[PDB]
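**Q** Input: one structure, supplied below.
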Ligand SMILES: [Cl-]
Ligand SMILES: [Cl-]
Ligand SMILES: [Cl-]
Ligand SMILES: [Cl-]
Ligand SMILES: [Cl-]
Ligand SMILES: [Cl-]
Ligand SMILES: [Cl-]
Ligand SMILES: [Cl-]
Ligand SMILES: [Cl-]
Ligand SMILES: [Cl-]
Ligand SMILES: [Cl-]
Ligand SMILES: [Cl-]
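Chains as they are written, first to last, in the deposited numbering: chain A, 1 to 4, 10 to 221; chain B, 1 to 4, 10 to 221; chain C, 1 to 4, 10 to 221; chain D, 1 to 4, 10 to 221; chain E, 1 to 4, 10 to 221; chain F, 1 to 4, 10 to 221.
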């Protein structure tokens, strides 16, 4: 990564942490914040290191390559590289493959990120990767938020855990996820607790709803 | 975080420590000082990293979003952002969502915290999070301090452990918690030790009370 | 803590070490040097972090609050805070609660410790905490040094281990602990080894005493 | 390694990580990105350290020496070292054995990497090693991509895992591996899922193919 | 400790390492180099930290206090502290208790070690501690080098292991330990190997002796 | 060690790593690169620390002292120390015992290594130690390369593993080890694979030989 702006190699324990996350949790949503966390300030090289060091799950990793290539091609469409000799004071325009690290050196990557104005290929490439990771997480979720229904004897606290766990993996904008909260959570509760929450106004927060069905 | 004031990414072992705390202890009161401890000097990004990396407990994490939004809206009410072009020497006013990190970049967050005078969005956001964590801890306590009663054969030392453990999770100002100490601890002791403490003046410290019921 | 004088947050592995010490050893005397060791250069905030992160043992932790308050009130008696506007070049006088960290910010704490002359609230507060920890260790010792008596078949080496272990937890000045060494150790040995040591002059060191009863 | 450009010794936990990788995973493809990751900025000495610290697998390690020697001899052919006294302001031309670290000191290696223009013997030698590691990985793969055939009841997700795992270890340019993707993956699927994918156009991505055979 | 000369607190993992050494190995000779290793550059405070954090083995730790006091009193005899006001440019003369850390502050200890000329109380105190540790190691050795005799079927390699293990814990100058090597090792070998070594000249090295009795 | 050139103490985890290597692997060849790796930039003091912290294996450690003394005496023969007062601008000539660390201080060792021109007692002493370690490794190998013979049903890959493992511990120059490769490996293969390799020209690499006997 790059700290403060002095270059540093990806640490052994960053690597080990990332490797273990995928080993332990496969593609559960929280893997992604962890990914971003362990790659704070990461170069494309550091980002590529993390992806290639994943053993197994190679159907997903292949999917991730495809998504990244789609984003790379789109970058090239909007940002066409121009023909000409790169003058002494400047550095060349990055293509999608330079951003994904496959066709650029670390020094070029260090150059782009540090030059003023900053051209943050690290944060750009990270978005393409995270974009592709969501496609995987969302695909690898077996259940839909529509299927989360409260069991007749399930403590509300546990039903809300399943709902917002499954919700976290859905492909939905904030407004669609907002709609699912205001509609389905109460809609799919079991009759006894469903009634209790209905008596609460139709704009009450989860705290009021959870404490309401705590005894029931 | 930010040390001394040079920016640094949240460390692998900070992350791992925070993850393990929630895995091991759920929402026991001590999780919160640990949270604050592991987030000393944390940016909103670092704070958001920690929250999103929590797997499970998503009913609480949803509650935490709601509390944070309440505090954010309140910030916007008192601090309305003004319309105008941000002059070269200055930086824009932060909204609640900039403080919660959802709508601000790391550089803006670094800018606000370091600019003089300091605008500590990190310490502000941390208070909103801790505010929301208390609501969770307090809700997730099964027992009330009123229900902690000394068993007939329970060593006082163990009864006081249960009392101040349960007390730690109560929603109460210092004065209310002071009242509970001076009233309930002795009130709810078992007859044999209850009598012994009554003979002590009614302003004696826990040391005098614990050593008093040590034999009994 | 503060190193060399640049501020630093309490480290994850300091925290983990302190947490584990209390988990593993409760309040055995050695916990206290460990405490001081892990808090070298600690601010009141860092000191408070360590105390609050202790789960369980809340009867003792409550006792520790009371001791700290006694020391704080005494500080206020000798050092009364004066009324007046704090001039630009100076910083305010710390109260007991500022030293205990409950009513002071980190920057004020950094200010006091670094300003010349140094006002070491960290080392002051640490003494109050250690004072309160001794009250706990000493209270939580089941046995008195007076009760350590050598068994008829106990190797002297093991009897001396029990004596100076139990001695370490006693409330006694160095002179009283010196008296206990010169009186009780030999006094409470078993007849066979007791005689052997009596033949040695009455000012011989533990090395001479231990090697004397090695065969017996 | 060399950071930012200040020399540093290979860390204990780098060493331990590399040792454990070979112990746990033998020569699975991901060992290689890990190798490159743990050797970021590595000198030939640091690279040699990692190779020699491998216990066992000495048939492969011998193969690795042979590959490195082939690359070294080729370096000497294109870059013949010239006879003459090395002038005060300059440093000598590196041979293949200087690049492989066997005949050069750390200071000469530090000199070459830091001198301007940079002569990156570390990154050169690393390529020879990685070249030799691929020969090993590829040789030590038992299966060919041609032999990966979907079982009649195997979930497509698992068949694609085996395909791209085995593909990762193949000796093939990107174009040959591209051909294998577009030809064999669908060709070697089982009849039921093979048909389903055939109905999709013949240019659809893995995401479309995997989601297509998810029910079947 | 003090690095390069900037002060640093004793690290958590130094502490943990030292604690574990005594837990695992009691007072086997190698504990002592470890002690010196973990205390490289240690202040008396850092040295005292390590000693006090030892739980158990308190008969030895008491012995260690006594040895340290003997060395301290001897220091005071040769270096008597003089009466007078310490001038502005100077610092006071250290007593034995200042060197042992019991009566000196860290700053005084930092002052003495860094002032020119250097007054290394750390390295002085460390010698007193190591002096006292040897008395313990040597006392706690059950066996004498005189009692190490080769068993009739013991491989020489194992007999030499026992000899130089037991030798390491003996109270003997280098010349006395040299005499024990040249005399007892061969003297106390078993008849078959004893004869074999006797045929070798009486000045042959352990390598020649060990390889000589390898078959027998 | 010394980094970049600023002095540093040997790290806890270096120590622990070295201790564990000897515990786990005794004197297998790879211990030696590990030794060199963990002692990169090591002073004689740091080198002595590592040797003395080895518990057990004291027959070998004694052998190591003897080898080091032989190399030390040889140093003294070629480099006789001269009589005279060491002038203010200079430092004394190191003897063998100063290089082995037994008769020199850390500062003298820091002085020699840093003074220009550099007098690298660390790298000199390390060679003496490594010299002595090879004598141990080679002695402690039970088998000779001559005795490694392929079993009738042993996969060639496993026979080559045993050959180059055992070869690694042999006392032989590169030319003698080259001869053993070109002669014995094929000579001592089993009849079926021995024939197969004979059909290959008599200058084919291990890759060609291993892939040749892969089916057989
Ligand atoms: Cl994210
Ligand atoms: Cl990629
Ligand atoms: Cl807090
Ligand atoms: Cl949030
Ligand atoms: Cl203490
Ligand atoms: Cl407190
Ligand atoms: Cl690679
Ligand atoms: Cl090599
Ligand atoms: Cl030593
Ligand atoms: Cl002491
Ligand atoms: Cl080596
Ligand atoms: Cl030595």
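We put the CB at the ideal spot given by N, CA and C, even for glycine.
Which same chain residues, not among the five before or five after residue 50/F, have their C-beta less than 6 Å away from its C-beta?
**A** Looking up residue 50/F in the sixth chain gives position 45. For residue 50/F, where only same-chain residues beyond five positions count, the Cβ hits under 6 Å are 106, 111.
**Q** Rounded to whole angstroms, what is the Cα-Cα separation between residue 194/A and residue 28/B?
**A** In the first chain, the residue the question calls residue 194/A occupies position 189. In the second chain, the residue the question calls residue 28/B occupies position 23. When rounded, the distance between both Cα atoms is 27 Å.
**Q** Secondary structure at residue 135/D, three-state DSSP: helix, strand or coil?
**A** Locating residue 135/D in the fourth chain gives position 130, where the first residue counts as 1. If DSSP states are grouped into helix, strand and coil, residue 135/D belongs with the helices.
**Q** Cβ atoms of residue 137/F and residue 72/F: under 8 Å apart, would you say?
**A** As a working mapping, residue 72/F is identified with position 67 in the sixth chain. As a working mapping, residue 137/F is identified with position 132 in the sixth chain. Yes, the Cβ-Cβ distance between residue 72/F and residue 137/F is below 8 Å.
**Q** Give me the chain C residues within the contact set of residue 207/E, using Cβ-Cβ distance strictly less than 8 Å, ordered along the chain.
**A** Here residue 207/E refers to the residue found at position 202 of the fifth chain. Simply none; closest approach about 36 Å.
**Q** Buried or exposed, going by whether 16 or more other CB atoms sit within 10 Å of the CB of residue 86/C?
**A** As a working mapping, residue 86/C is identified with position 81 in the third chain. Result: exposed.
**Q** Let me know if residue 53/B comes out buried or exposed under the rule of 16 or more other beta-carbons within 10 Å of its beta-carbon.
**A** Position 48 of the second chain, counting from 1, holds the residue named residue 53/B. The residue in question, residue 53/B, is buried, as its Cβ has 16 or more Cβ neighbours within 10 Å.
**Q** With a threshold of 8 Å between beta carbons, is residue 20/E in contact with chain G?
**A** The structure shown contains no chain G; its protein chains are A, B, C, D, E and F.
**Q** Assuming residue 215/C contacts residue 165/C (C-beta within less than 8 Å), just tell me the rounded distance between them.
**A** In the third chain, residue 215/C corresponds to position 210, counting from 1. In the third chain, residue 165/C corresponds to position 160, counting from 1. At roughly 6 Å, the Cβ-Cβ gap stays under 8 Å, so residue 215/C and residue 165/C are in contact.
**Q** By the criterion of Cβ-Cβ separation under 8 Å, what are the contact partners of residue 140/D in chain F?
**A** Residue 140/D sits at position 135 when you count from the first residue of the fourth chain. Those are 212, listed as they occur along chain F.
**Q** Quick one: does the C-beta of residue 107/F sit closer than 7 Å to a heavy atom of ligand 12?
**A** Within the sixth chain, numbered from 1, the residue matching residue 107/F stands at position 102. Result yes, Cβ under 7 Å from ligand 12.
**Q** Just grab the DSSP bridge partners of residue 11/D for me.
**A** Position 6 of the fourth chain, counted from the start, is the residue given in the question as residue 11/D. Bridge partners of residue 11/D: 3/D.
**Q** Are the C-beta atoms of residue 181/B and some chain A residue less than 8 Å apart?
**A** Sequence index remark: in the second chain, residue 181/B carries index 176 (1-based). So, not an interface residue.
**Q** Going along chain D in order, which residues have a C-beta closer than 8 Å to the C-beta of residue 39/A?
**A** Taking the first chain and counting its residues from 1, one reaches residue 39/A at position 34. Neighbours of residue 39/A on chain D: none; closest Cβ ~17 Å, over 8 Å.
**Q** Please classify residue 198/D: does DSSP put it in a helix, a strand, or coil?
**A** Mapped onto the fourth chain, residue 198/D falls at position 193. It is helical.
**Q** Would you grab the beta carbon distance between residue 120/C and residue 144/C for me? Rounded to a whole angstrom, and I think it's under 8 Å.
**A** Reading the third chain from its first residue, position 115 is the one you call residue 120/C. Reading the third chain from its first residue, position 139 is the one you call residue 144/C. 38 Å between Cβ atoms; not a contact.
**Q** Write down the C-beta distance between residue 129/D and residue 153/D rounded to the nearest angstrom, noting that I regard them as a contact closer than 8 Å.
**A** The residue you call residue 129/D lines up with position 124 of the fourth chain. The residue you call residue 153/D lines up with position 148 of the fourth chain. In fact, because the Cβ distance is near 35 Å, the residues do not count as touching under 8 Å.
**Q** Check whether the region 165-176 of chain E and the region 60-71 of chain F touch, using three or more Cβ-Cβ pairs below 8 Å as the test.
**A** Yes: at least three Cβ pairs fall under 8 Å.
**Q** Indicate the three-state DSSP secondary structure (helix, strand or coil) for residue 209/A in the structure shown.
**A** Walking along the first chain from the start, residue 209/A turns up at place 204. In the structure shown, residue 209/A sits in coil (DSSP, three-state: anything other than H, G, I, E or B).
**Q** Between residue 73/A and ligand 2, is there a pair consisting of the residue's CB and a ligand heavy atom that are separated by less than 7 Å?
**A** The residue labelled residue 73/A in the question sits at position 68 within the first chain. It does: the Cβ of residue 73/A is within 7 Å (strictly closer) of some heavy atom of ligand 2.
**Q** Please report the straight-line C-alpha distance between residue 10/E and residue 38/C, rounded to a whole angstrom.
**A** The sequence position of residue 10/E within the fifth chain is 5, counting from 1. The sequence position of residue 38/C within the third chain is 33, counting from 1. So the alpha carbons of these two residues sit roughly 25 Å apart.
**Q** Check each residue of the region 53-69 of chain F: if its Cβ is closer than 9 Å to any Cβ of chain E, include it; give the result in chain order.
**A** Here the close residues are 53, 54, 55, 56, 57, 58, 59, 60, 61, 62, 63, 64, 65, 66, 67, 68.
**Q** Just checking residue 91/B against ligand 5 - is the residue's beta carbon closer than 7 Å to any of the ligand's heavy atoms?
**A** For the purposes of this step, residue 91/B is taken as residue 86 along the second chain, with counting starting at 1. No - ligand 5 has no heavy atom lying nearer than 7 Å to the Cβ of residue 91/B.
**Q** Going by other Cβ atoms of all chains shown within 10 Å of its Cβ, with 16 needed for buried, is residue 30/B buried or exposed?
**A** Here residue 30/B refers to the residue found at position 25 when the second chain is read from its first residue. So residue 30/B ends up on the exposed side.
**Q** Can you find the residues in the same chain that come closer than 7 Å, C-beta to C-beta, to residue 182/F, ignoring five residues on each side of it along the sequence?
**A** What you label residue 182/F is simply residue 177 of the sixth chain in a count that begins at 1. Counting only Cβ-Cβ distances below 7 Å, and skipping sequence neighbours, we find 172, 175.
**Q** Do residue 185/A and residue 140/A have their C-beta atoms within less than 8 Å of each other?
**A** One-based indexing of the first chain puts residue 185/A at position 180. One-based indexing of the first chain puts residue 140/A at position 135. Not closer than 8 Å, so no.
**Q** Check for me: the alpha helix (DSSP H) holding residue 79/F runs from which residue to which?
**A** Taking the first residue of the sixth chain as position 1, residue 79/F is located at position 74. That run of the alpha helix (DSSP H) goes 63-83.
**Q** Start and end of the alpha helix (DSSP H) containing residue 56/D?
**A** Translated into the one-based positions of the fourth chain, residue 56/D becomes position 51. Run containing residue 56/D: 49-57, per the alpha helix (DSSP H) assignment.
**Q** In chain B, which residues lie less than 9 Å from residue 71/C when you measure between Cβ atoms?
**A** One-based indexing of the third chain puts residue 71/C at position 66. The answer, in chain order, is 210, 211, 212.
**Q** Got a sec: does ligand 8 put a non-hydrogen atom nearer than 7 Å to the Cβ of residue 70/D?
**A** In the fourth chain, residue 70/D corresponds to position 65, counting from 1. Under cutoff, so the answer is yes.
**Q** Between the alpha carbons of residue 160/C and residue 218/C, how many angstroms are there, rounded?
**A** As a position in the third chain, residue 160/C is number 155, starting the count at 1. As a position in the third chain, residue 218/C is number 213, starting the count at 1. Spanning the two alpha carbons is a distance of roughly 8 Å.
**Q** Are the beta-carbon atoms of residue 14/E and residue 43/E separated by less than 8 Å?
**A** Stepping through the fifth chain from its first residue, residue 14/E is reached at position 9. Stepping through the fifth chain from its first residue, residue 43/E is reached at position 38. Not in contact: residue 14/E and residue 43/E (Cβ atoms no closer than 8 Å).
**Q** Does the beta-carbon of residue 49/A, which I'm using as the reference point, lie nearer than 7 Å to any heavy atom of ligand 9?
**A** Against the first chain, residue 49/A aligns to sequence position 44. No, ligand 9 has no heavy atom inside 7 Å of this Cβ.
**Q** For ligand 7, any of its heavy atoms closer than 7 Å to the Cβ of residue 178/D?
**A** Within the fourth chain, the letter at position 173 stands for residue 178/D. Residue 178/D Cβ: outside cutoff for every heavy atom of ligand 7.
**Q** Return the first residue and the last residue of the alpha helix (DSSP H) that residue 158/B is part of.
**A** Here residue 158/B refers to the residue found at position 153 of the second chain. Premise fails: residue 158/B is in no alpha helix (DSSP H) and is neither H nor E.
**Q** Consider the C-beta atom of residue 183/A and the heavy atoms of ligand 4; say whether any pair is separated by less than 7 Å.
**A** Looking up residue 183/A in the first chain gives position 178. Flag unset: Cβ of residue 183/A not near ligand 4.
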